[PDB]
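Only one structure is covered here, and it is reproduced in the block below.
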Amino acid sequence: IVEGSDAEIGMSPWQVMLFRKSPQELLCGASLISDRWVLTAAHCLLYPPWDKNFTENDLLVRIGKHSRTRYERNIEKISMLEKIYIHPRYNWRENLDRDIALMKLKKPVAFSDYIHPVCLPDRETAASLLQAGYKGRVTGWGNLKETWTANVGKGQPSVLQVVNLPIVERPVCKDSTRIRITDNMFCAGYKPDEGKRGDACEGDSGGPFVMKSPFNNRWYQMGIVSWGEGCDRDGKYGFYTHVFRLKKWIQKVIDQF
Amino acid sequence: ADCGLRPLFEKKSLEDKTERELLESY
Amino acid sequence: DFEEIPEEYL
Ligand SMILES: *[C@@H]1O[C@H](CO)[C@@H](O)[C@H](O)[C@H]1NC(C)=O
């Protein structure tokens, strides 16, 4: 997360860490949707161009975390994956279209003050909230600045970062890049005229973009950090997987398995 | 049934440090 | 820089 701030304890009890067994590595962010399911970006598990094709046994899920590096004894919970599901139409080839996947835990996690699921949106929530200018929140242990040789300093945070960003109109998103945009994606970030900074970044993928509903006091997962061109660049916006639009696939998996 | 309500926030009637900016924008 | 976790999981 670039230009964010340290999260507060318990602020995002749904934040999950995709951790690789060997070598130890922070793979990506994720989200807790129930006591046995986690939602994440497909490219976190499958992305041929960089050689990723992970299986249920190469990973671990760590929930209730704050510190990126610390083994938080008696706070964090470590779970094993039973099975992973990738949307059958995910497109790694060209634009990360349909960048989403589900992971079924081997056993359910017990909820605590640090572990609690986020809500998946319904039509109503999706319509009232996913509007240009409304702000959402993004969290993760990803890079603090775009990788660049001229950078001096630490690019990794010690604790979970958070940043709030406004939703941007579809036609502004489309004009800012040359990647083909689809409706299974939405963009967020400040416009040049707002002269503000903030963004998700490498290592933030799979993390949730949530919104809080004035109608019921609850937090809804509206997007998944998917891709960008740089981090915090002028005139660019971050892209997120449109969760509501892929919700039918989500329910079918959970219902079947 | 209980999704989205944070134990240390919502369940206690507590607000996080930037929570309100989200609502201001709505 | 990751602190070691229980081997079980590992
Ligand atoms: C990834 O590995 C799994 C292992 O079963 C294999 O079935 C699948 O074809 C692989 N896919 C790619 C695109 O490498």
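Quick note on naming: the chains in the structure tokens go A, B, ... in the order shown, residues restart at 1 in each chain, and ligands are numbered from 1 in order of appearance.
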Residues within 7 Å of ligand 1 should be enumerated using only C-alpha atoms and all ligand atoms and returned as an mmCIF file with N, CA, C and O atoms, in the first residue's frame.
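Saved file out06.cif follows:
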```cif
data_model
loop_
_atom_site.group_PDB
_atom_site.id
_atom_site.type_symbol
_atom_site.label_atom_id
_atom_site.label_comp_id
_atom_site.auth_asym_id
_atom_site.auth_seq_id
_atom_site.Cartn_x
_atom_site.Cartn_y
_atom_site.Cartn_z
ATOM 1 N N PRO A 48 0.691 -18.157 -15.470
ATOM 2 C CA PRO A 48 1.737 -18.730 -16.305
ATOM 3 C C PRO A 48 2.940 -17.898 -16.717
ATOM 4 O O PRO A 48 4.037 -18.423 -16.804
ATOM 5 N N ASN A 53 1.803 -21.599 -10.531
ATOM 6 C CA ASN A 53 0.813 -22.619 -10.622
ATOM 7 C C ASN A 53 0.812 -23.315 -9.254
ATOM 8 O O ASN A 53 1.251 -24.450 -9.114
ATOM 9 N N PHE A 54 0.361 -22.639 -8.201
ATOM 10 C CA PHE A 54 0.379 -23.254 -6.875
ATOM 11 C C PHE A 54 -0.730 -24.236 -6.580
ATOM 12 O O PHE A 54 -1.845 -24.081 -7.088
ATOM 13 N N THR A 55 -0.439 -25.227 -5.708
ATOM 14 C CA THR A 55 -1.462 -26.188 -5.302
ATOM 15 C C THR A 55 -1.840 -25.954 -3.864
ATOM 16 O O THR A 55 -1.200 -25.177 -3.144
#
```
TODO: Select from range 87-222 of chain A everything DSSP, run on the backbone, classes as alpha helix (DSSP H), then give the selection as JSON, numbers by chain.
DONE: {"A": [123, 124, 125, 126, 127, 128, 129, 170, 171, 172, 173, 174, 175, 176]}
- [ ] Find the spatial neighbours of residue 8 in chain C, counting only C-alpha atoms, within a cut-off of 12 Å - ignore same-chain residues fewer than 2 positions away - and output them as a list in words.
- [x]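 So the residues in contact are residues 21, 60, 78, 79 and 80 of chain A; 4, 5, 6 and 10 of chain C.
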- [ ] Show me which bits of chain B are within 6 Å of chain A, counting only C-alpha atoms, as a list in words.
- [x]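 Filtering chain B at 6 Å from chain A with only C-alpha atoms gives residues 3, 4, 5, 7, 22, 25 and 26 of chain B.
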Would you write out those residues with C-alpha atoms, as a tab-separated table (two decimals), in the first residue's frame?
```
chain	number	residue	atom	x	y	z
B	3	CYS	CA	-20.62	-10.66	8.68
B	4	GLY	CA	-19.24	-7.23	8.50
B	5	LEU	CA	-19.56	-6.17	12.05
B	7	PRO	CA	-15.93	-7.03	17.32
B	22	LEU	CA	-15.78	6.94	4.01
B	25	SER	CA	-18.19	10.64	0.70
B	26	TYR	CA	-21.65	8.90	0.57
```
Open item on the list: Would you mind listing, as a PyMOL selection string, all residues of chain A that have at least one atom within 12 Å of chain C, where only C-alpha atoms are what counts?
Closed with: chain A and resi 19-26+57-62+67-73+76-81+106+156-158
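Taking CA of residue 24 in chain B as the reference point, CA of residue 192 in chain A is found at 20.9 Å.
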Open item on the list: I'd like the contact shell of residue 181 in chain A - 9 Å cut-off, only C-alpha atoms, skipping same-chain residues fewer than 6 positions apart - returned as a list in words.
Closed with: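 Answer for this query is residues 95, 97, 173 and 174 of chain A.
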